[PDB]
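> Data file start15.cif (mmCIF, C-alpha atoms and all ligand atoms) is appended below.
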data_structure
loop_
_atom_site.group_PDB
_atom_site.id
_atom_site.type_symbol
_atom_site.label_atom_id
_atom_site.label_comp_id
_atom_site.auth_asym_id
_atom_site.auth_seq_id
_atom_site.Cartn_x
_atom_site.Cartn_y
_atom_site.Cartn_z
ATOM 1 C CA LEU A 1 -21.672 -6.084 -91.160
ATOM 2 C CA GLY A 2 -18.141 -5.537 -89.685
ATOM 3 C CA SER A 3 -17.979 -8.874 -87.721
ATOM 4 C CA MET A 4 -14.580 -10.560 -87.430
ATOM 5 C CA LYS A 5 -12.583 -13.476 -86.020
ATOM 6 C CA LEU A 6 -11.645 -13.572 -82.278
ATOM 7 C CA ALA A 7 -7.873 -13.558 -83.172
ATOM 8 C CA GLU A 8 -8.396 -10.245 -85.146
ATOM 9 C CA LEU A 9 -9.682 -8.374 -81.992
ATOM 10 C CA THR A 10 -7.875 -5.009 -81.389
ATOM 11 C CA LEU A 11 -8.561 -2.828 -78.274
ATOM 12 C CA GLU A 12 -8.011 0.859 -77.343
ATOM 13 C CA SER A 13 -7.778 1.904 -73.626
ATOM 14 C CA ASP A 14 -11.449 3.186 -73.452
ATOM 15 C CA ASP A 15 -13.068 0.132 -75.249
ATOM 16 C CA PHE A 16 -13.443 -1.912 -71.988
ATOM 17 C CA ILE A 17 -17.026 -2.360 -70.643
ATOM 18 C CA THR A 18 -17.527 -1.570 -66.912
ATOM 19 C CA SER A 19 -20.850 -0.814 -65.084
ATOM 20 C CA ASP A 20 -19.280 2.542 -63.908
ATOM 21 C CA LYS A 21 -18.989 3.687 -67.592
ATOM 22 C CA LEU A 22 -22.760 3.005 -68.181
ATOM 23 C CA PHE A 23 -23.715 4.615 -64.790
ATOM 24 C CA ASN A 24 -21.416 7.583 -65.677
ATOM 25 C CA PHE A 25 -22.931 7.744 -69.242
ATOM 26 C CA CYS A 26 -26.497 7.885 -67.727
ATOM 27 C CA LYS A 27 -25.546 10.741 -65.255
ATOM 28 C CA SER A 28 -26.028 13.139 -68.262
ATOM 29 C CA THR A 29 -29.903 13.348 -68.153
ATOM 30 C CA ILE A 30 -29.698 14.627 -71.818
ATOM 31 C CA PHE A 31 -29.524 10.871 -72.833
ATOM 32 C CA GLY A 32 -32.830 10.078 -70.968
ATOM 33 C CA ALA A 33 -31.674 6.876 -69.143
ATOM 34 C CA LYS A 34 -31.901 6.324 -65.320
ATOM 35 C CA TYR A 35 -29.319 3.990 -63.636
ATOM 36 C CA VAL A 36 -30.576 2.207 -60.439
ATOM 37 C CA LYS A 37 -28.454 -0.258 -58.350
ATOM 38 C CA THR A 38 -30.503 -3.544 -58.490
ATOM 39 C CA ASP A 39 -30.812 -3.802 -54.620
ATOM 40 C CA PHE A 40 -33.235 -0.770 -54.754
ATOM 41 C CA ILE A 41 -35.425 -2.716 -57.285
ATOM 42 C CA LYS A 42 -35.444 -6.011 -55.256
ATOM 43 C CA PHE A 43 -36.181 -4.329 -51.837
ATOM 44 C CA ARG A 44 -38.429 -1.502 -53.237
ATOM 45 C CA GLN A 45 -40.932 -0.308 -50.536
ATOM 46 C CA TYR A 46 -43.213 1.079 -53.343
ATOM 47 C CA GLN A 47 -44.397 -0.855 -56.459
ATOM 48 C CA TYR A 48 -43.227 1.879 -58.937
ATOM 49 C CA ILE A 49 -41.113 4.311 -56.762
ATOM 50 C CA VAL A 50 -37.367 3.587 -56.113
ATOM 51 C CA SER A 51 -34.178 5.543 -55.194
ATOM 52 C CA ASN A 52 -30.385 4.869 -55.110
ATOM 53 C CA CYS A 53 -30.820 6.323 -51.531
ATOM 54 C CA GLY A 54 -27.372 8.052 -51.627
ATOM 55 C CA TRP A 55 -25.530 5.268 -53.554
ATOM 56 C CA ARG A 56 -22.943 7.145 -55.744
ATOM 57 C CA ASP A 57 -24.359 10.267 -53.883
ATOM 58 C CA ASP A 58 -27.655 9.835 -55.909
ATOM 59 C CA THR A 59 -30.726 10.582 -53.657
ATOM 60 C CA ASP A 60 -33.157 11.318 -56.578
ATOM 61 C CA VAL A 61 -36.546 9.530 -56.160
ATOM 62 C CA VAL A 62 -37.287 7.663 -59.468
ATOM 63 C CA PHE A 63 -40.950 7.403 -60.652
ATOM 64 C CA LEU A 64 -40.691 4.268 -62.885
ATOM 65 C CA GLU A 65 -44.132 5.175 -64.420
ATOM 66 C CA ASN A 66 -42.373 8.270 -66.012
ATOM 67 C CA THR A 67 -39.002 6.495 -66.825
ATOM 68 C CA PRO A 68 -38.530 5.690 -70.571
ATOM 69 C CA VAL A 69 -35.136 3.829 -70.195
ATOM 70 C CA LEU A 70 -34.149 1.922 -66.968
ATOM 71 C CA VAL A 71 -30.563 0.502 -66.500
ATOM 72 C CA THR A 72 -29.698 -1.747 -63.458
ATOM 73 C CA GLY A 73 -26.336 -3.224 -62.297
ATOM 74 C CA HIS A 74 -23.578 -3.047 -59.604
ATOM 75 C CA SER A 75 -25.286 -6.125 -57.999
ATOM 76 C CA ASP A 76 -25.249 -9.980 -58.148
ATOM 77 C CA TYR A 77 -29.112 -9.755 -58.167
ATOM 78 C CA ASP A 78 -31.052 -10.742 -61.338
ATOM 79 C CA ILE A 79 -34.142 -9.285 -63.116
ATOM 80 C CA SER A 80 -36.822 -12.067 -62.860
ATOM 81 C CA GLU A 81 -40.652 -12.667 -62.759
ATOM 82 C CA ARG A 82 -40.601 -10.697 -59.407
ATOM 83 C CA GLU A 83 -40.079 -7.494 -61.542
ATOM 84 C CA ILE A 84 -42.851 -8.308 -64.156
ATOM 85 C CA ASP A 85 -45.071 -5.460 -62.737
ATOM 86 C CA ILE A 86 -42.283 -2.872 -63.551
ATOM 87 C CA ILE A 87 -41.512 -4.468 -67.004
ATOM 88 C CA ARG A 88 -45.278 -4.186 -67.935
ATOM 89 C CA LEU A 89 -45.149 -0.335 -67.460
ATOM 90 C CA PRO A 90 -46.218 0.860 -70.972
ATOM 91 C CA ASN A 91 -43.963 3.990 -70.571
ATOM 92 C CA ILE A 92 -40.725 1.875 -70.217
ATOM 93 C CA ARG A 93 -39.276 1.444 -73.772
ATOM 94 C CA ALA A 94 -36.296 -0.720 -72.595
ATOM 95 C CA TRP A 95 -34.701 -2.183 -69.398
ATOM 96 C CA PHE A 96 -30.875 -2.586 -69.815
ATOM 97 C CA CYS A 97 -29.661 -4.951 -67.007
ATOM 98 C CA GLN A 98 -26.880 -7.244 -65.738
ATOM 99 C CA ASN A 99 -28.126 -10.814 -64.960
ATOM 100 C CA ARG A 100 -31.293 -10.959 -67.178
ATOM 101 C CA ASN A 101 -33.338 -13.891 -65.692
ATOM 102 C CA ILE A 102 -36.714 -13.493 -67.547
ATOM 103 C CA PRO A 103 -37.365 -14.137 -71.294
ATOM 104 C CA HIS A 104 -38.938 -10.650 -71.977
ATOM 105 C CA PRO A 105 -38.098 -8.640 -75.152
ATOM 106 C CA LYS A 106 -38.172 -5.290 -73.205
ATOM 107 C CA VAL A 107 -35.331 -6.590 -70.902
ATOM 108 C CA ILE A 108 -31.930 -6.198 -72.727
ATOM 109 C CA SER A 109 -28.763 -7.886 -71.270
ATOM 110 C CA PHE A 110 -25.501 -5.874 -71.114
ATOM 111 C CA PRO A 111 -22.094 -7.435 -70.293
ATOM 112 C CA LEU A 112 -20.891 -7.289 -66.633
ATOM 113 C CA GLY A 113 -17.470 -6.544 -68.208
ATOM 114 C CA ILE A 114 -14.454 -5.640 -65.996
ATOM 115 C CA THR A 115 -14.382 -4.733 -62.243
ATOM 116 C CA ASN A 116 -14.970 -0.965 -61.578
ATOM 117 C CA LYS A 117 -11.447 0.348 -60.627
ATOM 118 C CA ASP A 118 -12.903 3.683 -59.296
ATOM 119 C CA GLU A 119 -15.136 1.925 -56.648
ATOM 120 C CA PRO A 120 -14.368 4.496 -53.894
ATOM 121 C CA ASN A 121 -11.665 3.424 -51.358
ATOM 122 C CA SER A 122 -11.339 -0.331 -52.283
ATOM 123 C CA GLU A 123 -7.885 -1.999 -52.849
ATOM 124 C CA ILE A 124 -9.362 -5.192 -54.517
ATOM 125 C CA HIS A 125 -11.333 -2.962 -57.019
ATOM 126 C CA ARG A 126 -8.180 -0.824 -57.688
ATOM 127 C CA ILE A 127 -6.189 -4.050 -58.529
ATOM 128 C CA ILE A 128 -8.558 -6.358 -60.560
ATOM 129 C CA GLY A 129 -10.218 -3.263 -62.195
ATOM 130 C CA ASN A 130 -6.902 -2.336 -63.970
ATOM 131 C CA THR A 131 -7.947 -2.408 -67.701
ATOM 132 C CA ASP A 132 -4.448 -1.012 -68.658
ATOM 133 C CA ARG A 133 -2.936 -4.403 -67.556
ATOM 134 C CA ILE A 134 -5.546 -6.230 -69.780
ATOM 135 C CA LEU A 135 -4.670 -3.945 -72.781
ATOM 136 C CA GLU A 136 -0.896 -4.456 -72.012
ATOM 137 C CA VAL A 137 -1.165 -8.335 -72.027
ATOM 138 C CA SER A 138 -3.471 -8.300 -75.152
ATOM 139 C CA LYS A 139 -0.621 -6.666 -77.227
ATOM 140 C CA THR A 140 2.147 -9.195 -76.214
ATOM 141 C CA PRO A 141 2.754 -12.244 -78.475
ATOM 142 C CA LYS A 142 0.004 -14.842 -77.664
ATOM 143 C CA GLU A 143 2.076 -18.052 -77.045
ATOM 144 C CA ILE A 144 -0.214 -21.031 -76.086
ATOM 145 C CA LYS A 145 1.054 -23.078 -73.052
ATOM 146 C CA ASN A 146 -2.039 -25.399 -72.862
ATOM 147 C CA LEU A 147 -5.692 -26.009 -73.930
ATOM 148 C CA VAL A 148 -7.753 -24.804 -70.863
ATOM 149 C CA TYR A 149 -6.926 -22.531 -67.858
ATOM 150 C CA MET A 150 -8.606 -23.223 -64.509
ATOM 151 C CA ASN A 151 -8.539 -20.534 -61.816
ATOM 152 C CA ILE A 152 -11.938 -20.173 -60.034
ATOM 153 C CA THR A 153 -13.106 -19.622 -56.408
ATOM 154 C CA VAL A 154 -15.263 -22.813 -55.971
ATOM 155 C CA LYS A 155 -17.061 -21.441 -52.832
ATOM 156 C CA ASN A 156 -18.877 -18.742 -54.961
ATOM 157 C CA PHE A 157 -21.116 -21.340 -56.829
ATOM 158 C CA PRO A 158 -20.000 -24.898 -55.908
ATOM 159 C CA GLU A 159 -22.831 -26.908 -57.632
ATOM 160 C CA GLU A 160 -21.034 -25.982 -60.944
ATOM 161 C CA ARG A 161 -17.510 -24.926 -59.768
ATOM 162 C CA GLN A 162 -16.869 -28.043 -57.547
ATOM 163 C CA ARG A 163 -17.636 -30.373 -60.546
ATOM 164 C CA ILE A 164 -15.041 -28.459 -62.705
ATOM 165 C CA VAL A 165 -12.241 -28.757 -60.062
ATOM 166 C CA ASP A 166 -13.119 -32.442 -59.227
ATOM 167 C CA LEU A 167 -13.378 -33.636 -62.914
ATOM 168 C CA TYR A 168 -10.587 -31.672 -64.688
ATOM 169 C CA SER A 169 -7.870 -30.650 -62.103
ATOM 170 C CA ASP A 170 -5.569 -33.636 -62.988
ATOM 171 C CA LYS A 171 -5.820 -33.341 -66.859
ATOM 172 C CA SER A 172 -2.536 -32.809 -68.836
ATOM 173 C CA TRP A 173 -4.533 -30.354 -71.082
ATOM 174 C CA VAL A 174 -5.628 -28.261 -67.995
ATOM 175 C CA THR A 175 -3.399 -25.628 -66.268
ATOM 176 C CA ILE A 176 -4.440 -24.812 -62.643
ATOM 177 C CA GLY A 177 -3.887 -21.235 -61.368
ATOM 178 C CA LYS A 178 -3.751 -20.502 -57.587
ATOM 179 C CA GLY A 179 -6.050 -17.564 -56.594
ATOM 180 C CA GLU A 180 -3.920 -14.427 -55.855
ATOM 181 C CA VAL A 181 -5.477 -10.885 -56.026
ATOM 182 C CA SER A 182 -2.234 -8.826 -55.586
ATOM 183 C CA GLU A 183 -1.101 -6.501 -58.472
ATOM 184 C CA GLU A 184 1.421 -9.279 -59.473
ATOM 185 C CA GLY A 185 -1.210 -12.064 -58.932
ATOM 186 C CA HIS A 186 -3.670 -10.156 -61.230
ATOM 187 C CA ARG A 187 -0.946 -9.694 -63.940
ATOM 188 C CA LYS A 188 -0.085 -13.455 -63.604
ATOM 189 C CA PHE A 189 -3.840 -14.352 -63.899
ATOM 190 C CA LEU A 190 -4.181 -12.311 -67.178
ATOM 191 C CA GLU A 191 -0.859 -13.677 -68.647
ATOM 192 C CA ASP A 192 -1.949 -17.293 -67.768
ATOM 193 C CA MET A 193 -5.361 -16.692 -69.369
ATOM 194 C CA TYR A 194 -3.771 -15.167 -72.473
ATOM 195 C CA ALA A 195 -1.555 -18.319 -72.851
ATOM 196 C CA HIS A 196 -4.634 -20.670 -73.128
ATOM 197 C CA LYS A 197 -7.144 -21.330 -75.981
ATOM 198 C CA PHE A 198 -9.995 -21.723 -73.399
ATOM 199 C CA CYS A 199 -10.714 -20.939 -69.734
ATOM 200 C CA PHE A 200 -13.427 -22.342 -67.412
ATOM 201 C CA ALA A 201 -15.769 -19.322 -66.869
ATOM 202 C CA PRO A 202 -18.580 -20.840 -64.714
ATOM 203 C CA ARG A 203 -21.213 -18.505 -63.123
ATOM 204 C CA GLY A 204 -20.580 -17.256 -59.533
ATOM 205 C CA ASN A 205 -22.868 -15.699 -56.876
ATOM 206 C CA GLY A 206 -24.060 -13.556 -59.819
ATOM 207 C CA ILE A 207 -24.852 -15.391 -63.127
ATOM 208 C CA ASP A 208 -22.604 -13.053 -65.214
ATOM 209 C CA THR A 209 -18.878 -13.132 -64.274
ATOM 210 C CA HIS A 210 -15.893 -10.728 -64.903
ATOM 211 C CA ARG A 211 -13.787 -13.787 -66.018
ATOM 212 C CA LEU A 212 -16.099 -14.288 -69.087
ATOM 213 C CA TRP A 213 -15.199 -10.784 -70.435
ATOM 214 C CA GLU A 214 -11.518 -10.872 -69.236
ATOM 215 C CA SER A 215 -11.172 -14.107 -71.352
ATOM 216 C CA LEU A 216 -12.710 -12.496 -74.537
ATOM 217 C CA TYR A 217 -10.542 -9.282 -74.217
ATOM 218 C CA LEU A 218 -7.464 -11.641 -74.170
ATOM 219 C CA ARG A 219 -8.836 -13.546 -77.264
ATOM 220 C CA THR A 220 -9.322 -16.716 -75.087
ATOM 221 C CA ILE A 221 -12.630 -18.709 -75.417
ATOM 222 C CA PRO A 222 -14.566 -18.786 -72.093
ATOM 223 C CA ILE A 223 -16.546 -22.031 -71.338
ATOM 224 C CA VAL A 224 -19.938 -21.039 -69.771
ATOM 225 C CA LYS A 225 -23.049 -23.119 -68.815
ATOM 226 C CA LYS A 226 -26.154 -22.198 -70.925
ATOM 227 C CA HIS A 227 -28.480 -19.741 -69.056
ATOM 228 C CA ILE A 228 -31.200 -17.235 -70.208
ATOM 229 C CA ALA A 229 -28.826 -14.528 -68.765
ATOM 230 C CA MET A 230 -26.336 -15.497 -71.488
ATOM 231 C CA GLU A 231 -28.808 -16.004 -74.355
ATOM 232 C CA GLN A 232 -28.209 -12.529 -76.012
ATOM 233 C CA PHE A 233 -24.369 -13.140 -76.164
ATOM 234 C CA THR A 234 -24.581 -16.131 -78.648
ATOM 235 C CA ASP A 235 -22.985 -13.802 -81.327
ATOM 236 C CA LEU A 236 -19.744 -13.734 -79.207
ATOM 237 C CA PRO A 237 -17.186 -16.620 -79.311
ATOM 238 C CA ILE A 238 -18.349 -18.198 -75.966
ATOM 239 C CA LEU A 239 -18.432 -22.038 -75.758
ATOM 240 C CA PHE A 240 -21.920 -22.626 -74.197
ATOM 241 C CA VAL A 241 -22.265 -26.066 -72.484
ATOM 242 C CA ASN A 242 -25.423 -27.980 -71.328
ATOM 243 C CA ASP A 243 -23.442 -29.297 -68.274
ATOM 244 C CA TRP A 244 -19.817 -29.679 -67.008
ATOM 245 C CA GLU A 245 -19.526 -33.469 -67.700
ATOM 246 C CA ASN A 246 -17.533 -35.181 -70.536
ATOM 247 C CA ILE A 247 -15.328 -32.200 -71.577
ATOM 248 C CA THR A 248 -12.467 -33.983 -73.473
ATOM 249 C CA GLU A 249 -9.324 -32.747 -75.324
ATOM 250 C CA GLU A 250 -10.956 -33.980 -78.616
ATOM 251 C CA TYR A 251 -14.223 -32.072 -77.772
ATOM 252 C CA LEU A 252 -12.298 -28.782 -77.098
ATOM 253 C CA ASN A 253 -9.940 -29.269 -80.133
ATOM 254 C CA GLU A 254 -13.054 -29.532 -82.396
ATOM 255 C CA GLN A 255 -14.854 -26.534 -80.730
ATOM 256 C CA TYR A 256 -11.591 -24.445 -81.029
ATOM 257 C CA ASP A 257 -11.478 -25.132 -84.837
ATOM 258 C CA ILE A 258 -15.230 -24.231 -85.298
ATOM 259 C CA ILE A 259 -15.154 -21.058 -83.070
ATOM 260 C CA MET A 260 -11.876 -19.665 -84.445
ATOM 261 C CA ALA A 261 -13.131 -20.147 -88.031
ATOM 262 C CA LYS A 262 -16.412 -18.140 -87.537
ATOM 263 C CA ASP A 263 -16.961 -14.322 -87.619
ATOM 264 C CA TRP A 264 -18.387 -12.812 -84.364
ATOM 265 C CA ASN A 265 -20.067 -9.478 -83.392
ATOM 266 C CA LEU A 266 -16.906 -8.401 -81.432
ATOM 267 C CA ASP A 267 -18.085 -4.704 -81.335
ATOM 268 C CA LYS A 268 -20.391 -5.952 -78.473
ATOM 269 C CA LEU A 269 -17.117 -6.145 -76.382
ATOM 270 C CA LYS A 270 -16.670 -2.313 -76.790
ATOM 271 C CA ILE A 271 -18.568 0.217 -74.570
ATOM 272 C CA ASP A 272 -19.379 2.499 -77.607
ATOM 273 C CA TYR A 273 -21.747 -0.322 -78.818
ATOM 274 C CA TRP A 274 -23.819 -0.018 -75.553
ATOM 275 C CA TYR A 275 -23.685 3.847 -75.542
ATOM 276 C CA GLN A 276 -25.180 3.757 -79.117
ATOM 277 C CA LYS A 277 -27.677 0.992 -78.033
ATOM 278 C CA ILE A 278 -28.989 3.285 -75.194
ATOM 279 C CA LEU A 279 -28.763 6.436 -77.464
ATOM 280 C CA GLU A 280 -31.251 4.613 -79.831
ATOM 281 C CA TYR A 281 -33.867 5.552 -77.107
HETATM 282 O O1 LIG B 301 -5.482 -15.484 -59.610
HETATM 283 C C1 LIG B 301 -6.459 -14.748 -59.761
HETATM 284 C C2 LIG B 301 -7.833 -15.162 -59.820
HETATM 285 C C3 LIG B 301 -8.796 -14.240 -59.989
HETATM 286 N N1 LIG B 301 -8.527 -12.893 -60.108
HETATM 287 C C4 LIG B 301 -9.616 -11.902 -60.275
HETATM 288 O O2 LIG B 301 -10.700 -12.281 -59.447
HETATM 289 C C5 LIG B 301 -11.926 -12.134 -60.205
HETATM 290 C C6 LIG B 301 -13.045 -12.914 -59.560
HETATM 291 O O3 LIG B 301 -12.722 -14.329 -59.553
HETATM 292 P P1 LIG B 301 -13.508 -15.290 -58.542
HETATM 293 O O4 LIG B 301 -13.618 -16.664 -59.129
HETATM 294 O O5 LIG B 301 -12.921 -15.182 -57.171
HETATM 295 O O6 LIG B 301 -14.948 -14.602 -58.510
HETATM 296 P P2 LIG B 301 -16.321 -14.944 -59.247
HETATM 297 O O7 LIG B 301 -16.007 -15.180 -60.688
HETATM 298 O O8 LIG B 301 -17.036 -16.008 -58.489
HETATM 299 O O9 LIG B 301 -17.096 -13.557 -59.059
HETATM 300 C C7 LIG B 301 -17.161 -12.507 -59.986
HETATM 301 O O10 LIG B 301 -18.146 -12.753 -60.978
HETATM 302 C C8 LIG B 301 -19.446 -12.969 -60.413
HETATM 303 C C9 LIG B 301 -19.914 -11.750 -59.634
HETATM 304 O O11 LIG B 301 -21.173 -12.038 -59.022
HETATM 305 C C10 LIG B 301 -18.883 -11.390 -58.570
HETATM 306 O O12 LIG B 301 -19.239 -10.177 -57.905
HETATM 307 C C11 LIG B 301 -17.511 -11.240 -59.214
HETATM 308 O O13 LIG B 301 -16.522 -10.979 -58.225
HETATM 309 C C12 LIG B 301 -11.487 -12.561 -61.610
HETATM 310 O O14 LIG B 301 -12.420 -12.182 -62.614
HETATM 311 C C13 LIG B 301 -10.150 -11.809 -61.710
HETATM 312 O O15 LIG B 301 -10.350 -10.458 -62.071
HETATM 313 C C14 LIG B 301 -7.224 -12.421 -60.050
HETATM 314 O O16 LIG B 301 -6.927 -11.239 -60.155
HETATM 315 N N2 LIG B 301 -6.265 -13.388 -59.884
HETATM 316 CA CA CA B 302 -8.824 -23.476 -59.038
HETATM 317 CA CA CA B 303 -21.506 -32.535 -71.372
HETATM 318 MG MG MG B 304 -46.242 2.321 -56.305
HETATM 319 MG MG MG B 305 -27.861 -6.770 -61.016
HETATM 320 MG MG MG B 306 -29.451 -5.783 -63.255
HETATM 321 MG MG MG B 307 -15.980 -6.538 -58.491
HETATM 322 MG MG MG B 308 -16.571 -8.361 -56.565
HETATM 323 MG MG MG B 309 -10.571 -20.439 -65.335
HETATM 324 MG MG MG B 310 -23.850 -19.911 -66.653
HETATM 325 MG MG MG B 311 -15.447 -36.470 -76.472
#
Is it possible to give me this structure as structure tokens?


Amino acid sequence: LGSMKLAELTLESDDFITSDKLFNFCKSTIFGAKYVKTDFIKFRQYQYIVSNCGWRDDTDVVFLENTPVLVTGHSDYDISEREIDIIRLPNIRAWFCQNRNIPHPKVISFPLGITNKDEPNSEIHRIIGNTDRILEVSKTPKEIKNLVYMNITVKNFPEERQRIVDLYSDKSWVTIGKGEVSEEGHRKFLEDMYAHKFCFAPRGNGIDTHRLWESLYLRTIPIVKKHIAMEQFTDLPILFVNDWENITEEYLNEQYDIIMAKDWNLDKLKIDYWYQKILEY
């Protein structure tokens, strides 16, 4: 009903999606959702019994046969056919997950969103988890320097990321950013991203990527390869590509005009949407 254009996006400091906010939300057992780090699903030693085993100081044993809402994240691991036995539990009303990798209506994707700043005793997390710096940049005048921003660690998924660097590095309509994860390097990254219409947001070790959401919060269009993990985000202004070949200035100019003209479900970018989505169970 209240959909809007990407350029009309406004953010408050608590809007930003992080996995910590959903984990934190689920800590209040009143809301009837159990949060399990995906590793404890993949390497379960019982078919239907799992535990966070002291992750986030949570040592509760979870009986999935008596769990109405399951939420998994804080892991590059996906939910796939290997978890079909858990999905088929008649008692489970919904499975909210990062990296959905099975076309099952019970399994609901949620955005990876931004790095968890509170990740105990981690400098990198403290830096690139700063949502205040995202909010800060998002309120400055958006002045476009170029068409597409490129700043990716190729090593993390080279079959896609190597093609992007090899094909597009030398284009006049591409701006390269050097990887720097200092507090100044992170600010520079966000300011660079903000000053482009698009950024390359290829998948990494995990299918979902922080860069995808960082781009959208800065009202920049992320370019992402089509994947079942992304199939529930088609109502966000993401440019979904079949492959990484034959991206041209004329192609992106046209896609910019089409995407910026449409209305999008931008409330999906705000954590309150996913609180309410869980609260519906
Ligand atoms: O110059 C830069 C570049 C990057 N960054 C930060 O670094 C983050 C990660 O960028 P990288 O390309 O190195 O990492 P990836 O995108 O491959 O991995 C990310 O998404 C996929 C998940 O599986 C990974 O756990 C997550 O780190 C960016 O989202 C951004 O927050 C900077 O702060 N400055
Ligand atoms: Ca690069
Ligand atoms: Ca193509
Ligand atoms: Mg069992
Ligand atoms: Mg996961
Ligand atoms: Mg998951
Ligand atoms: Mg992280
Ligand atoms: Mg990381
Ligand atoms: Mg990029
Ligand atoms: Mg992809
Ligand atoms: Mg063309």

> List as a count of residues only the protein and nucleic acid residues near residue 228 (chain A), meaning an atom at most 10 Å away when all atoms listed in the file are counted, but skip any in the same chain fewer than 2 places from it.

12

> Excluding residue 36 (chain A) and residues on its chain fewer than 4 positions from it, collect all residues at most 10 Å away from it, counting all atoms listed in the file, and give them as a PyMOL selection string.

chain A and resi 23+40-41+50-53+55+58+62+70-74+97

> Could you produce a table of the residues of chain A lying within 9 Å of ligand CA 303 (chain B), with the nearest pair of atoms per residue and their separation in Å rounded to one decimal, using only C-alpha atoms and all ligand atoms, ordered by chain and increasing residue number, as a Markdown table?


| residue | atom | partner | partner_atom | distance |
| --- | --- | --- | --- | --- |
| A:241 | CA | B:CA303 | CA | 6.6 |
| A:242 | CA | B:CA303 | CA | 6.0 |
| A:243 | CA | B:CA303 | CA | 4.9 |
| A:244 | CA | B:CA303 | CA | 5.5 |
| A:245 | CA | B:CA303 | CA | 4.3 |
| A:246 | CA | B:CA303 | CA | 4.8 |
| A:247 | CA | B:CA303 | CA | 6.2 |

> Selected residues, C-alpha atoms, written as a short mmCIF file (atom, residue, chain, number, x, y, z; two decimals), keeping the file's coordinate frame, please.


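Done, and the output landed in part-v7.cif:
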data_model
loop_
_atom_site.label_atom_id
_atom_site.label_comp_id
_atom_site.auth_asym_id
_atom_site.auth_seq_id
_atom_site.Cartn_x
_atom_site.Cartn_y
_atom_site.Cartn_z
CA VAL A 241 -22.26 -26.07 -72.48
CA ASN A 242 -25.42 -27.98 -71.33
CA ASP A 243 -23.44 -29.30 -68.27
CA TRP A 244 -19.82 -29.68 -67.01
CA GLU A 245 -19.53 -33.47 -67.70
CA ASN A 246 -17.53 -35.18 -70.54
CA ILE A 247 -15.33 -32.20 -71.58
#

> Interatomic distance between CA of residue 20 (chain A) and CA of residue 116 (chain A)?

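Going from CA of residue 20 (chain A) over to CA of residue 116 (chain A) covers 6.0 Å.
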
> Using all atoms listed in the file, find each protein or nucleic acid residue lying at most 7 Å from ligand MG 309 (chain B); present the set as a short mmCIF file (atom, residue, chain, number, x, y, z; two decimals) with C-alpha atoms, in the frame of the given file.


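What follows is the written file result_32.cif:
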data_model
loop_
_atom_site.label_atom_id
_atom_site.label_comp_id
_atom_site.auth_asym_id
_atom_site.auth_seq_id
_atom_site.Cartn_x
_atom_site.Cartn_y
_atom_site.Cartn_z
CA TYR A 149 -6.93 -22.53 -67.86
CA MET A 150 -8.61 -23.22 -64.51
CA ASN A 151 -8.54 -20.53 -61.82
CA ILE A 152 -11.94 -20.17 -60.03
CA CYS A 199 -10.71 -20.94 -69.73
CA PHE A 200 -13.43 -22.34 -67.41
CA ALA A 201 -15.77 -19.32 -66.87
#

> Looking at only C-alpha atoms and all ligand atoms, which of A:9, A:218, A:17, A:252 is the one that sits closest to ligand MG 311 (chain B)?

A:252

> Name the residues captured by the PyMOL selection byres (((not hetatm)) within 9 of (chain B and resi 307)) when it is applied to the shown file; answer as a list in words.

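Checking the PyMOL selection byres (((not hetatm)) within 9 of (chain B and resi 307)) against this file, the residues are residues 74, 114, 115, 116, 117, 119, 124, 125, 128, 129 and 210 of chain A.
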
> Only C-alpha atoms, please: the residues just picked out, written as a PDB file, in the frame of the given file.


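Generated output (part_13.pdb):
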ATOM      1  CA  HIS A  74     -23.578  -3.047 -59.604  1.00  0.00           C
ATOM      2  CA  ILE A 114     -14.454  -5.640 -65.996  1.00  0.00           C
ATOM      3  CA  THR A 115     -14.382  -4.733 -62.243  1.00  0.00           C
ATOM      4  CA  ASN A 116     -14.970  -0.965 -61.578  1.00  0.00           C
ATOM      5  CA  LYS A 117     -11.447   0.348 -60.627  1.00  0.00           C
ATOM      6  CA  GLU A 119     -15.136   1.925 -56.648  1.00  0.00           C
ATOM      7  CA  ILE A 124      -9.362  -5.192 -54.517  1.00  0.00           C
ATOM      8  CA  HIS A 125     -11.333  -2.962 -57.019  1.00  0.00           C
ATOM      9  CA  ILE A 128      -8.558  -6.358 -60.560  1.00  0.00           C
ATOM     10  CA  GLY A 129     -10.218  -3.263 -62.195  1.00  0.00           C
ATOM     11  CA  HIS A 210     -15.893 -10.728 -64.903  1.00  0.00           C
TER      12      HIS A 210
END

> If I take CA of residue 144 (chain A) and atom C4 of ligand LIG 301 (chain B), how far is one from the other in Å, to one decimal?

20.5 Å

> Evaluate the PyMOL selection byres (((chain A and resi 261) around 12) and not hetatm) here and jot the selected residues down as a PyMOL selection string.

chain A and resi 4-8+237+254-260+262-264

> How about saving the chosen residues, C-alpha atoms kept, as a short mmCIF file (atom, residue, chain, number, x, y, z; two decimals), keeping the file's coordinate frame?


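As written to disk, part-v5.cif reads:
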data_model
loop_
_atom_site.label_atom_id
_atom_site.label_comp_id
_atom_site.auth_asym_id
_atom_site.auth_seq_id
_atom_site.Cartn_x
_atom_site.Cartn_y
_atom_site.Cartn_z
CA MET A 4 -14.58 -10.56 -87.43
CA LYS A 5 -12.58 -13.48 -86.02
CA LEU A 6 -11.64 -13.57 -82.28
CA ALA A 7 -7.87 -13.56 -83.17
CA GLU A 8 -8.40 -10.24 -85.15
CA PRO A 237 -17.19 -16.62 -79.31
CA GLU A 254 -13.05 -29.53 -82.40
CA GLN A 255 -14.85 -26.53 -80.73
CA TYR A 256 -11.59 -24.44 -81.03
CA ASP A 257 -11.48 -25.13 -84.84
CA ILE A 258 -15.23 -24.23 -85.30
CA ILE A 259 -15.15 -21.06 -83.07
CA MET A 260 -11.88 -19.66 -84.44
CA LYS A 262 -16.41 -18.14 -87.54
CA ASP A 263 -16.96 -14.32 -87.62
CA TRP A 264 -18.39 -12.81 -84.36
#
